[PDB]
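This report concerns only the one structure given below.
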Amino acid sequence: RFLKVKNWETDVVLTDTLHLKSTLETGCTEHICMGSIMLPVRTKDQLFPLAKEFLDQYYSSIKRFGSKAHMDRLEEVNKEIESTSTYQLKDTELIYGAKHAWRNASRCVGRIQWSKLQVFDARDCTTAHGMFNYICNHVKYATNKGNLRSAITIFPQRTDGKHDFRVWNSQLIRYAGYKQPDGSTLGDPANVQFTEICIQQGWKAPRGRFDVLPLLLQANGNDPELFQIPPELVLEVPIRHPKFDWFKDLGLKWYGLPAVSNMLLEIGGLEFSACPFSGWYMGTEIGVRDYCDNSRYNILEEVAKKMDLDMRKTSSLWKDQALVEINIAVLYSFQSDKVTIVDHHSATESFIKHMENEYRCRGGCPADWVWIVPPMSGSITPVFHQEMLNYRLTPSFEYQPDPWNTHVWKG
Amino acid sequence: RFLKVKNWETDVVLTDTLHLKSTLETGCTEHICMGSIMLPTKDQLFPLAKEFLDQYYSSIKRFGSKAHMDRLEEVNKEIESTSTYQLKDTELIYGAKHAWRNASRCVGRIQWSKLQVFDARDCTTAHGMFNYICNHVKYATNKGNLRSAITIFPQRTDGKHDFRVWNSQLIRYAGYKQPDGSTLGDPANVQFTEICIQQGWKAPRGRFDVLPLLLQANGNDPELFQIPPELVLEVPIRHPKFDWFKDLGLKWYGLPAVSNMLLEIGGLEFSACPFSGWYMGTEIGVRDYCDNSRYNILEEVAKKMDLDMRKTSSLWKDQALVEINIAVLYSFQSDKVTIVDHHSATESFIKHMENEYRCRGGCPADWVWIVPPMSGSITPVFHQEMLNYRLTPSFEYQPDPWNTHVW
Ligand code: HEM
Ligand code: HEM
Ligand SMILES: C[C@H](O)[C@H](O)[C@H]1CNc2nc(N)[nH]c(=O)c2N1
Ligand SMILES: C[C@H](O)[C@H](O)[C@H]1CNc2nc(N)[nH]c(=O)c2N1
Ligand SMILES: CCSCCC(=N)NCCC[C@H](N)C(=O)O
Ligand SMILES: CCSCCC(=N)NCCC[C@H](N)C(=O)O
Ligand SMILES: [Zn+2]
């Protein structure tokens, strides 16, 4: 079967065959769409199909499908499964797997880059201190003094689910949040809960608006341990505006390296529960969401007050006006300090080109419109006008429950 | 079978039971989500009738009553005999209000119960249709203090006698390709304008020429009519700070009235059923003015503002988008024509969602259409999970009539 998607701005129609290779489910049925819902220990029996399917994909990509090398590797993996109940990926397969999980990430707008990914293989890691070292090297390599480079570090896979490696931070670098007795929040409200856990674990909190959180690291299913990223490794950008000289006095800065650390990488049926990855920011993530969500730094009032806009009626569009200026400041600041960042015009346009390329060469490009369309100026970016089809291919990045809810404390 | 939706800004979780009454199909499967796609007999009829009548009699707290049972039989007899049936005025008003209530793409549903229904089932000619429509246009406009309305023409019979309004909205501007190569006026309407011209219309060939109506009665060949110019309220577009803005020569119309959809009530099909409310500002200022495939004015506006257009990272498109949208809202307010901004409209829809959850067990909503095309995450609907499903009575898309009509 063939599915068609249309761009309502250009009338370009594309044809998706790739959806045929999807097995995993969406949350949707013929009777309900869940496209806007945020979040909608394996047997030998289930594992060999998953391994075979993966290695068949791998060997086709290298043009060696049905070669002796392909057949021997199936046999080698099959035997490994029956006798040890799992298997080890070759390095080539790990690299390919990681690249493809990115490629298959339907909520990621930056996929044009998927083939340039530095893979750090941390499968020899055994302790939290080892994890810490691996993570400092990643931050250093990825940051590259502002000229950011895509990277992923891969810690050992799940075995029995009692020995999991986990990074408890949701991002390697994030600012602390502190709930106050009077109900106000100091710093980033999104991270209050994790901050509390850190404090309980023994972190000494500076209690300021932008405190970089300590890493909380779990190796081999053991209780996690606290470590501080060396500050010289944490690149940050003070936020200022090209025409508004009062913008600096707002006190804003942000960090340059966004590194998601709480997701699970599935490759060939194997589960990598600690696999932090990073790229670079699109401006709106900071200027729209991190600064202007009511749930976050919530600076819209202060910015519009300093601009002296008419704030008595929503219909002046004061919020929209302050929003643009904040976003100009973020992009301005990052460019001034030579820290990689991309605007939402450039990023979405790159994505459309990537997407059409994927249709030609691969038969499709699964994409989640709810997530691909930026949180400001939606329809003046070309993605708003692009029909998309969302489906789940493996290898994949998945959500996983927060580790404080599941961890069996050893003491 | 019971579902949760979460607001990620406020942490409020809501329970949906209403989707279980869901009848029609979404386009999605467990394997593939089509959430962002724009367009994804006697035997058939009595179940549909029954389901609807059941829901009507429940709504007036008379379910299972003799008055309930008697209608069910009456309609059943009518279908068996005539192969169709007729709605009572009460059923028709309830049906129309509920099609609006169930419109998953409409952000303005807090207003759903305040709908003026104009029963035009006695209509027989295209001339009758024209009279009904001017009266709708004038009632709804109300000299700027807009009032929601629908006008309902006779239902489908054998399907060779359909009433249709060929226009996509009662009021739109014409579009003309030029030898020049470009497009004069509204590019969305080029094809429909050609149909008008070839059916007889003398085109003034300007930027903002109000299209004529092309009305089809009783499956007959459609006919042309001009809405009295004095019933088409328009607003010149000015900016409260930018004096030069008025020189762009921009205006828009006050009455948005979708006229190409199909109303389905209890299995009956009303193919001509124009309805109207009032504009949310972004519809004009973001989509109609700034879509590259529409009036596409971002470039000209940015020039006047003297922004650096050398690089996308200066957010010059974004800056000019805000101002264009400021000018729209201000221009409608100054002329006292009802309009709503995207902040106020989305705030209302969130309150409407809570009422619907508390009172009906849910509210079908298509997040993709509900979130405004500018400033998404600063409106509360951005953070609100929504379930999309299809309830009946409903407004449906239908094939453009020039593709079906045999002359
Ligand atoms: C090269 C620069 C990149 C850019 C500009 C980019 C862009 C983005 C953006 C804007 C988002 C949504 C962020 C949010 O709303 O929280 C996102 C999500 C995501 N990206 Fe990327 N990305 C890049 C690199 C990568 C890399 C290297 C990977 C993995 C190897 C990746 C995988 C993902 C995944 C799995 C998500 C969904 C995350 C979630 O659901 O929380 N991206 N991307
Ligand atoms: C009273 C003020 C109203 C407001 C503020 C409002 C708001 C909106 C908006 C912004 C849209 C999206 C339109 C687009 O992007 O083109 C929409 C769509 C829609 N509305 Fe409303 N609405 C109102 C009244 C009504 C009424 C009276 C009805 C029916 C009786 C209705 C039914 C619908 C339907 C069926 C759609 C989807 C139309 C389509 O798919 O093109 N609305 N509404
Ligand atoms: C409810 C809704 O799905 C939720 O707010 C989503 C919407 N789209 C998003 N898009 C991106 N890129 N990131 C997000 O966090 C969200 N949040
Ligand atoms: C392809 C995509 O679904 C399309 O651009 C949609 C997105 N959201 C929309 N939302 C509204 N209200 N109106 C629209 O026309 C659209 N277009
Ligand atoms: C790591 C996978 S995507 C590459 C980096 C990125 N562009 N975003 C990560 C999410 C950042 C989050 N939205 C924030 O605003 O901090
Ligand atoms: C009529 C039912 S919804 C209430 C009217 C409305 N607010 N919009 C209708 C769509 C108008 C179109 N988007 C435009 O910008 O011309
Ligand atoms: Zn869906």
Side-chain angles (χ1 to χ4, degrees), chain A residues 4-16 35 105-114 281-285 287-288 324 327 331 341-362 364-390, chain B residues 34-39 183 187-188 282-283 285-302 307 309-322 324-325 367-369 371-377 382:
Chain A
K4 302 197 308 188
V5 307
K6 179 177 167 169
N7 187 294
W8 288 86
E9 185 205 313
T10 63
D11 285 354
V12 174
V13 174
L14 301 175
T15 309
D16 183 292
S106 60
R107 297 186 164 165
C108 184
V109 75
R111 287 179 283 167
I112 193 168
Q113 289 291 329
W114 75 271
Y281 268 116
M282 173 168 80
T284 54
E285 299 178 74
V288 188
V324 182
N327 282 280
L331 290 161
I341 193 150
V342 61
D343 71 74
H344 54 285
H345 306 293
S346 160
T348 52
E349 182 178 45
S350 285
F351 182 79
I352 286 307
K353 292 169 171 183
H354 170 69
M355 186 184 164
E356 314 185 312
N357 189 57
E358 291 282 81
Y359 272 82
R360 294 181 206 104
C361 79
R362 202 189 191 197
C365 180
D368 179 351
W369 192 104
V370 169
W371 275 61
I372 299 298
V373 173
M376 72 181 282
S377 305
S379 78
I380 62 156
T381 68
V383 286
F384 182 99
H385 304 275
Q386 179 67 58
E387 287 178 357
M388 305 179 187
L389 285 174
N390 192 205
Chain B
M34 280 179 73
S36 69
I37 317 294
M38 296 234 62
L39 318 158
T183 299
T282 53
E283 297 180 77
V286 181
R287 300 307 304 288
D288 308 340
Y289 280 165
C290 293
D291 276 15
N292 199 287
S293 88
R294 297 295 291 291
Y295 277 86
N296 180 211
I297 68 165
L298 273 173
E299 264 199 58
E300 318 162 68
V301 173
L307 306 163
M309 301 164 70
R310 283 184 261 171
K311 15 159 276 133
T312 65
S313 41
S314 75
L315 311 190
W316 67 266
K317 284 189 172 155
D318 308 67
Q319 261 173 329
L321 177 65
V322 181
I324 293 166
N325 277 271
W367 190 98
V368 176
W369 272 64
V371 177
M374 73 178 287
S375 299
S377 64
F382 183 89

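Note: hydrogens, waters and symmetry copies are ignored here, and every other heavy atom, side chains too, is used. In what follows, chains carry the letters A, B, and so on, assigned in the order in which the sequence lines appear, proteins first and then strands, with residues in each chain numbered from 1.
- By the salt bridge (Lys or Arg N to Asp or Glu O under 4.0 Å) test, A:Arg107 pairs with A:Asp368, sequence neighbours left out.
- A:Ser106 and A:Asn390 are linked by a side-chain donor-acceptor pair at a separation below 3.5 angstrom, with hydrogens and angles left out of the test.
- Once rounded to the nearest 0.5 Å, the distance linking CD1 of A:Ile352 with CD of A:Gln386 reads 4.5 Å.
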- Task: Mind running side-chain contact (heavy atoms from CB on, under 4.5 Å) on B:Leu321 and B:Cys290 for me, showing each step along the way?
- Result: CA-CA 8 Å; B:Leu321 177 65; B:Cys290 293; 4.1 Å; yes

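- Listed by chain and number, the residues in a side chain to side chain contact (heavy atoms under 4.5 Å, CB included) with B:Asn292 are A:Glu9, B:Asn296 (sequence neighbours excluded).
- In this structure, A:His354 and A:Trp114 have side chains that are in contact, with non-hydrogen atoms separated by less than 4.5 Å.
- Here the side chains of A:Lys6 and A:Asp11 are in contact, with some heavy-atom distance below 4.5 Å.
- In this structure, CG on B:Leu307 lies 10.5 Å from CG on B:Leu315, to the nearest 0.5 angstrom.
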Distance-only donor-acceptor pairs under 3.5 Å for side chains of residues 374-385 of chain A, two or more places apart:
| unit_1 | atom_1 | unit_2 | atom_2 | d |
| --- | --- | --- | --- | --- |
| A:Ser377 | OG | B:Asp318 | OD2 | 2.5 |
| A:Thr381 | OG1 | A:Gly378 | O | 2.7 |
| A:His385 | NE2 | A:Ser379 | O | 2.6 |

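- Remark: B:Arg294 engages B:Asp186, B:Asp288 in a salt bridge (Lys or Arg N to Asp or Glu O under 4.0 Å) (not counting sequence neighbours).
- Atom CG in B:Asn325 sits 11.0 Å away from atom CD in B:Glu283 (nearest 0.5 Å).
- Shown here are the side chain to side chain contact (heavy atoms under 4.5 Å, CB included) partners of A:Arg360, two or more places apart in sequence or in another chain: A:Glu356, A:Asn357.
- Panel note: side chain A:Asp343, backbone A:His345; a donor-acceptor pair is recorded below 3.5 Å.
- Here A:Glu358 pairs with A:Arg103 under the salt bridge (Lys or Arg N to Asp or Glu O under 4.0 Å) rule; sequence neighbours left out.
- Summarising the geometry of A:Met282 relative to A:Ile341, their closest heavy-atom pair is C-CG1, 4.4 Å, with the distance given to 0.1 Å.
- A:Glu387 and A:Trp8 are linked by a side-chain donor-acceptor pair at a separation below 3.5 angstrom, with hydrogens and angles left out of the test.
- Residues B:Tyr289 and B:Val301 fail the side-chain proximity criterion, which asks for heavy atoms closer than 4.5 Å.
- Heavy atoms of other residues, nucleotides or ligands lying less than 6.0 angstrom from NZ of A:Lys353 number 12 at most.
- Considering all non-hydrogen atoms of both residues, B:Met309 and B:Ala302 come closest at SD-CB, 3.6 Å.
- What you find for A:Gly364 and A:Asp16 is that their closest heavy atoms are CA-OD2, 3.3 Å.
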